[PDB]
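These notes are about the structure you will find just below.
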Amino acid sequence: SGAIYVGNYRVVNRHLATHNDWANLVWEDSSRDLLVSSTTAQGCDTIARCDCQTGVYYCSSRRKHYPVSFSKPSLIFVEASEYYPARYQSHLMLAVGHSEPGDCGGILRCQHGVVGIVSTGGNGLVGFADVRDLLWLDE
Ligand SMILES: NC(=O)[C@H]1CCCN(C(=O)Nc2ccccc2F)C1
Ligand SMILES: [Zn+2]
């Protein structure tokens, strides 16, 4: 679990979104595993606007933050789950690191702010849904 709170927006993994998220829906994209909902309270997270490929992510299954080198956002095949059939997920970045399903939602941050959130993993890899191209999150 985990979310990004920026301005009047809440960013979560689409496969983990609540009834409240869907009733206050702003935008959702199955191919990216992202959903953004509106909030009443104001968010203070800073979204990074950069091409960084190094950062730090939070891994809930280990109660630790890990430094990672990650790939540029791209289409990556993702195995079928209870939430999606097998498909290409777009805007995904991989890194070598520990992840378990419950780790989705953990933030990845670089020096410039929030990069994205854990969305996939397994086999010693961790995949992150990029949020840096979503320029409208800021205003
Ligand atoms: N974005 C997706 O399609 C994910 C939906 C939930 C399930 N997905 C997934 O990768 N599970 C998983 C398994 C082992 C280690 C880490 C993991 F995140 C895929
Ligand atoms: Zn950066």
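Each chain in the structure tokens gets a letter, A, B, ..., in the order shown, and its residues are numbered from 1; ligands are numbered from 1 in order too.
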Could you build a table of the residues in chain A lying no more than 9 Å from ligand 2, giving for each the nearest pair of atoms and their separation in Å rounded to one decimal place, using only C-alpha atoms and all ligand atoms, ordered by chain and ascending residue number, as a tab-separated table?
```
residue	atom	partner	partner_atom_place_in_ligand_line	distance
A:48	CA	ligand 2	1 (Zn)	5.6
A:49	CA	ligand 2	1 (Zn)	6.7
A:50	CA	ligand 2	1 (Zn)	4.8
A:51	CA	ligand 2	1 (Zn)	6.1
A:52	CA	ligand 2	1 (Zn)	4.3
A:53	CA	ligand 2	1 (Zn)	7.5
A:54	CA	ligand 2	1 (Zn)	7.8
A:55	CA	ligand 2	1 (Zn)	7.7
A:109	CA	ligand 2	1 (Zn)	7.7
A:110	CA	ligand 2	1 (Zn)	4.7
A:111	CA	ligand 2	1 (Zn)	5.3
A:112	CA	ligand 2	1 (Zn)	4.3
A:113	CA	ligand 2	1 (Zn)	6.6
A:114	CA	ligand 2	1 (Zn)	8.2
A:115	CA	ligand 2	1 (Zn)	7.2
```
Just N, CA, C and O atoms for this one: save the residues we selected as an mmCIF file, in the first residue's frame.
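For reference, out-v5.cif as written:
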```
data_model
loop_
_atom_site.group_PDB
_atom_site.id
_atom_site.type_symbol
_atom_site.label_atom_id
_atom_site.label_comp_id
_atom_site.auth_asym_id
_atom_site.auth_seq_id
_atom_site.Cartn_x
_atom_site.Cartn_y
_atom_site.Cartn_z
ATOM 1 N N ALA A 48 9.111 15.159 -9.032
ATOM 2 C CA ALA A 48 10.329 15.407 -9.781
ATOM 3 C C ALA A 48 10.000 15.614 -11.268
ATOM 4 O O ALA A 48 9.177 14.901 -11.827
ATOM 5 N N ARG A 49 10.692 16.565 -11.911
ATOM 6 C CA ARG A 49 10.558 16.840 -13.336
ATOM 7 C C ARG A 49 12.002 16.711 -13.876
ATOM 8 O O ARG A 49 12.755 17.700 -13.893
ATOM 9 N N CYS A 50 12.415 15.465 -14.255
ATOM 10 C CA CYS A 50 13.824 15.142 -14.594
ATOM 11 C C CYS A 50 13.938 13.796 -15.367
ATOM 12 O O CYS A 50 12.969 13.042 -15.427
ATOM 13 N N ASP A 51 15.186 13.416 -15.771
ATOM 14 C CA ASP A 51 15.447 12.115 -16.384
ATOM 15 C C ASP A 51 16.386 11.276 -15.496
ATOM 16 O O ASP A 51 17.125 10.452 -16.014
ATOM 17 N N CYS A 52 16.380 11.481 -14.162
ATOM 18 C CA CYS A 52 17.197 10.691 -13.210
ATOM 19 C C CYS A 52 16.985 9.218 -13.408
ATOM 20 O O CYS A 52 15.844 8.805 -13.610
ATOM 21 N N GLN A 53 18.028 8.440 -13.254
ATOM 22 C CA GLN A 53 17.983 6.989 -13.260
ATOM 23 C C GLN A 53 18.556 6.371 -11.967
ATOM 24 O O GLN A 53 18.993 5.217 -11.973
ATOM 25 N N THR A 54 18.710 7.185 -10.886
ATOM 26 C CA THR A 54 19.163 6.677 -9.565
ATOM 27 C C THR A 54 18.215 7.334 -8.544
ATOM 28 O O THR A 54 17.748 8.468 -8.726
ATOM 29 N N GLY A 55 17.946 6.627 -7.468
ATOM 30 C CA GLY A 55 17.069 7.127 -6.423
ATOM 31 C C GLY A 55 16.971 6.161 -5.273
ATOM 32 O O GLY A 55 17.782 5.230 -5.168
ATOM 33 N N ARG A 109 12.067 8.044 -4.822
ATOM 34 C CA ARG A 109 12.407 9.466 -4.825
ATOM 35 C C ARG A 109 13.841 9.665 -5.296
ATOM 36 O O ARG A 109 14.700 8.897 -4.906
ATOM 37 N N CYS A 110 14.104 10.731 -6.046
ATOM 38 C CA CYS A 110 15.460 11.131 -6.439
ATOM 39 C C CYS A 110 15.732 12.497 -5.725
ATOM 40 O O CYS A 110 14.884 12.973 -4.958
ATOM 41 N N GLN A 111 16.867 13.160 -6.035
ATOM 42 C CA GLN A 111 17.172 14.487 -5.458
ATOM 43 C C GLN A 111 16.104 15.553 -5.795
ATOM 44 O O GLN A 111 15.909 16.499 -5.028
ATOM 45 N N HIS A 112 15.378 15.372 -6.906
ATOM 46 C CA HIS A 112 14.384 16.345 -7.387
ATOM 47 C C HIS A 112 12.951 16.140 -6.837
ATOM 48 O O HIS A 112 12.050 16.900 -7.200
ATOM 49 N N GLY A 113 12.745 15.108 -6.019
ATOM 50 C CA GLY A 113 11.424 14.805 -5.487
ATOM 51 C C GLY A 113 10.886 13.412 -5.871
ATOM 52 O O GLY A 113 11.651 12.502 -6.197
ATOM 53 N N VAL A 114 9.577 13.247 -5.815
ATOM 54 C CA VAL A 114 8.869 11.986 -6.097
ATOM 55 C C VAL A 114 8.929 11.609 -7.567
ATOM 56 O O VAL A 114 8.518 12.411 -8.412
ATOM 57 N N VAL A 115 9.469 10.408 -7.859
ATOM 58 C CA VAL A 115 9.624 9.826 -9.205
ATOM 59 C C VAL A 115 8.432 8.944 -9.627
ATOM 60 O O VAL A 115 7.956 9.031 -10.761
#
```
Output as JSON lines one row per residue of chain A within 10 Å of ligand 1: the closest atom pair and its distance in Å to one decimal place, counting only C-alpha atoms and all ligand atoms, sorted by chain and residue number ascending.
```
{"residue": "A:13", "atom": "CA", "partner": "ligand 1", "partner_atom_place_in_ligand_line": "1 (N)", "distance": 7.6}
{"residue": "A:14", "atom": "CA", "partner": "ligand 1", "partner_atom_place_in_ligand_line": "1 (N)", "distance": 8.4}
{"residue": "A:15", "atom": "CA", "partner": "ligand 1", "partner_atom_place_in_ligand_line": "5 (C)", "distance": 6.3}
{"residue": "A:16", "atom": "CA", "partner": "ligand 1", "partner_atom_place_in_ligand_line": "6 (C)", "distance": 8.6}
{"residue": "A:30", "atom": "CA", "partner": "ligand 1", "partner_atom_place_in_ligand_line": "1 (N)", "distance": 8.8}
{"residue": "A:31", "atom": "CA", "partner": "ligand 1", "partner_atom_place_in_ligand_line": "1 (N)", "distance": 8.6}
{"residue": "A:32", "atom": "CA", "partner": "ligand 1", "partner_atom_place_in_ligand_line": "1 (N)", "distance": 7.5}
{"residue": "A:33", "atom": "CA", "partner": "ligand 1", "partner_atom_place_in_ligand_line": "1 (N)", "distance": 5.3}
{"residue": "A:34", "atom": "CA", "partner": "ligand 1", "partner_atom_place_in_ligand_line": "1 (N)", "distance": 8.8}
{"residue": "A:77", "atom": "CA", "partner": "ligand 1", "partner_atom_place_in_ligand_line": "3 (O)", "distance": 9.1}
{"residue": "A:78", "atom": "CA", "partner": "ligand 1", "partner_atom_place_in_ligand_line": "3 (O)", "distance": 5.9}
{"residue": "A:79", "atom": "CA", "partner": "ligand 1", "partner_atom_place_in_ligand_line": "19 (C)", "distance": 6.8}
{"residue": "A:80", "atom": "CA", "partner": "ligand 1", "partner_atom_place_in_ligand_line": "3 (O)", "distance": 7.2}
{"residue": "A:81", "atom": "CA", "partner": "ligand 1", "partner_atom_place_in_ligand_line": "7 (C)", "distance": 5.5}
{"residue": "A:82", "atom": "CA", "partner": "ligand 1", "partner_atom_place_in_ligand_line": "7 (C)", "distance": 7.5}
{"residue": "A:83", "atom": "CA", "partner": "ligand 1", "partner_atom_place_in_ligand_line": "5 (C)", "distance": 6.1}
{"residue": "A:84", "atom": "CA", "partner": "ligand 1", "partner_atom_place_in_ligand_line": "3 (O)", "distance": 6.1}
{"residue": "A:85", "atom": "CA", "partner": "ligand 1", "partner_atom_place_in_ligand_line": "3 (O)", "distance": 8.3}
{"residue": "A:86", "atom": "CA", "partner": "ligand 1", "partner_atom_place_in_ligand_line": "3 (O)", "distance": 8.1}
{"residue": "A:87", "atom": "CA", "partner": "ligand 1", "partner_atom_place_in_ligand_line": "3 (O)", "distance": 8.2}
{"residue": "A:88", "atom": "CA", "partner": "ligand 1", "partner_atom_place_in_ligand_line": "3 (O)", "distance": 9.0}
{"residue": "A:89", "atom": "CA", "partner": "ligand 1", "partner_atom_place_in_ligand_line": "1 (N)", "distance": 7.2}
{"residue": "A:90", "atom": "CA", "partner": "ligand 1", "partner_atom_place_in_ligand_line": "1 (N)", "distance": 9.9}
{"residue": "A:92", "atom": "CA", "partner": "ligand 1", "partner_atom_place_in_ligand_line": "1 (N)", "distance": 9.0}
{"residue": "A:98", "atom": "CA", "partner": "ligand 1", "partner_atom_place_in_ligand_line": "15 (C)", "distance": 7.8}
{"residue": "A:99", "atom": "CA", "partner": "ligand 1", "partner_atom_place_in_ligand_line": "16 (C)", "distance": 4.7}
{"residue": "A:100", "atom": "CA", "partner": "ligand 1", "partner_atom_place_in_ligand_line": "15 (C)", "distance": 3.5}
{"residue": "A:101", "atom": "CA", "partner": "ligand 1", "partner_atom_place_in_ligand_line": "17 (C)", "distance": 3.8}
{"residue": "A:102", "atom": "CA", "partner": "ligand 1", "partner_atom_place_in_ligand_line": "18 (F)", "distance": 7.0}
{"residue": "A:103", "atom": "CA", "partner": "ligand 1", "partner_atom_place_in_ligand_line": "18 (F)", "distance": 6.5}
{"residue": "A:104", "atom": "CA", "partner": "ligand 1", "partner_atom_place_in_ligand_line": "18 (F)", "distance": 6.0}
{"residue": "A:105", "atom": "CA", "partner": "ligand 1", "partner_atom_place_in_ligand_line": "18 (F)", "distance": 9.7}
{"residue": "A:118", "atom": "CA", "partner": "ligand 1", "partner_atom_place_in_ligand_line": "18 (F)", "distance": 7.4}
{"residue": "A:119", "atom": "CA", "partner": "ligand 1", "partner_atom_place_in_ligand_line": "1 (N)", "distance": 4.7}
{"residue": "A:120", "atom": "CA", "partner": "ligand 1", "partner_atom_place_in_ligand_line": "10 (O)", "distance": 3.3}
{"residue": "A:121", "atom": "CA", "partner": "ligand 1", "partner_atom_place_in_ligand_line": "16 (C)", "distance": 3.4}
{"residue": "A:122", "atom": "CA", "partner": "ligand 1", "partner_atom_place_in_ligand_line": "15 (C)", "distance": 3.8}
{"residue": "A:123", "atom": "CA", "partner": "ligand 1", "partner_atom_place_in_ligand_line": "15 (C)", "distance": 7.5}
{"residue": "A:124", "atom": "CA", "partner": "ligand 1", "partner_atom_place_in_ligand_line": "15 (C)", "distance": 8.3}
{"residue": "A:125", "atom": "CA", "partner": "ligand 1", "partner_atom_place_in_ligand_line": "15 (C)", "distance": 7.9}
{"residue": "A:126", "atom": "CA", "partner": "ligand 1", "partner_atom_place_in_ligand_line": "16 (C)", "distance": 6.7}
{"residue": "A:127", "atom": "CA", "partner": "ligand 1", "partner_atom_place_in_ligand_line": "18 (F)", "distance": 7.5}
{"residue": "A:128", "atom": "CA", "partner": "ligand 1", "partner_atom_place_in_ligand_line": "1 (N)", "distance": 8.7}
{"residue": "A:129", "atom": "CA", "partner": "ligand 1", "partner_atom_place_in_ligand_line": "1 (N)", "distance": 8.1}
```
Using the chain letters and numbers from this document, which residues of segment 38-72 of chain A does DSSP assign to strand (DSSP E), as a count of residues only? 19
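Across the structure, atom CA of residue 36 of chain A and atom CA of residue 73 of chain A are spaced 18.9 Å apart.
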Could you work out how far atom CA of residue 37 of chain A lies from atom CA of residue 75 of chain A, giving the answer in Å with one decimal?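 Between atom CA of residue 75 of chain A and atom CA of residue 37 of chain A the gap is 24.3 Å.
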Quick one: DSSP alpha helix (DSSP H) residues in chain A, as a VMD selection string? chain A and resid 19 to 23
Take the residues just selected and output them with C-alpha atoms as a compact mmCIF listing (two decimals), in the first residue's frame.
```txt
# COMPACT_ATOMS: atom_id res chain seq x y z
CA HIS A 19 -14.57 3.12 -3.50
CA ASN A 20 -13.79 6.75 -2.44
CA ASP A 21 -10.98 6.97 -5.08
CA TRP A 22 -13.40 5.73 -7.81
CA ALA A 23 -16.22 8.13 -6.61
```
Using only C-alpha atoms, which of the listed residues (A:116, A:26, A:1, A:93) sits closest to residue 76 of chain A?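 Ranking A:116, A:26, A:1, A:93 by distance to residue 76 of chain A, first place goes to A:93.
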Of the candidates A:45, A:133, A:28, A:138, which shows the shortest atom-to-atom distance to residue 12 of chain A, using only C-alpha atoms?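 Under the stated criterion, the closest residue is A:28.
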So which one's closest to residue 61 of chain A, A:10, A:136, A:106, A:3? Using only C-alpha atoms, please.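 That would be A:106, the residue with the smallest distance to residue 61 of chain A.
Distances to residue 132 of chain A were evaluated for A:41, A:117, A:47, A:11 using only C-alpha atoms, and the minimum falls at A:47.
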Near residue 42 of chain A, counting only C-alpha atoms, which residues have an atom at most 12 Å away, once you skip same-chain residues fewer than 3 positions from it, shown as an MDAnalysis selection string? chainID A and resid 4:10 38:39 45 138
With N, CA and C atoms retained, export the selected residues as a short mmCIF file (atom, residue, chain, number, x, y, z; two decimals), in the first residue's frame.
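Produced file result-v6.cif, reproduced below:
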```
data_model
loop_
_atom_site.label_atom_id
_atom_site.label_comp_id
_atom_site.auth_asym_id
_atom_site.auth_seq_id
_atom_site.Cartn_x
_atom_site.Cartn_y
_atom_site.Cartn_z
N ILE A 4 0.68 9.06 -3.28
CA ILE A 4 1.35 10.36 -3.43
C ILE A 4 0.25 11.44 -3.24
N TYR A 5 0.48 12.38 -2.34
CA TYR A 5 -0.46 13.47 -2.08
C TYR A 5 0.21 14.76 -2.55
N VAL A 6 -0.25 15.32 -3.67
CA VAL A 6 0.26 16.53 -4.31
C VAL A 6 -0.93 17.45 -4.65
N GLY A 7 -0.97 18.64 -4.04
CA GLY A 7 -2.08 19.57 -4.23
C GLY A 7 -3.39 18.94 -3.82
N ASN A 8 -4.40 19.02 -4.68
CA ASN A 8 -5.69 18.40 -4.38
C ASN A 8 -5.84 16.99 -5.05
N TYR A 9 -4.69 16.29 -5.23
CA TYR A 9 -4.66 14.97 -5.84
C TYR A 9 -4.07 13.89 -4.96
N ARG A 10 -4.60 12.68 -5.11
CA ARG A 10 -4.09 11.48 -4.46
C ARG A 10 -3.79 10.46 -5.58
N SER A 38 -9.46 13.00 -6.34
CA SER A 38 -9.42 14.32 -5.70
C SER A 38 -9.51 14.22 -4.17
N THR A 39 -8.84 15.14 -3.46
CA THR A 39 -8.85 15.16 -1.99
C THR A 39 -9.39 16.50 -1.45
N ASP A 45 3.63 16.84 -1.37
CA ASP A 45 4.72 16.14 -2.05
C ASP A 45 5.15 16.90 -3.29
N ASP A 138 0.66 19.33 -10.83
CA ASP A 138 1.14 20.52 -10.15
C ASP A 138 0.26 21.72 -10.09
#
```
Find the residue from A:25, A:108, A:131, A:35 that sits nearest to residue 59 of chain A; use only C-alpha atoms when measuring. A:108
Atom CA of residue 58 of chain A and atom CA of residue 107 of chain A are how many Å apart? 5.8 Å
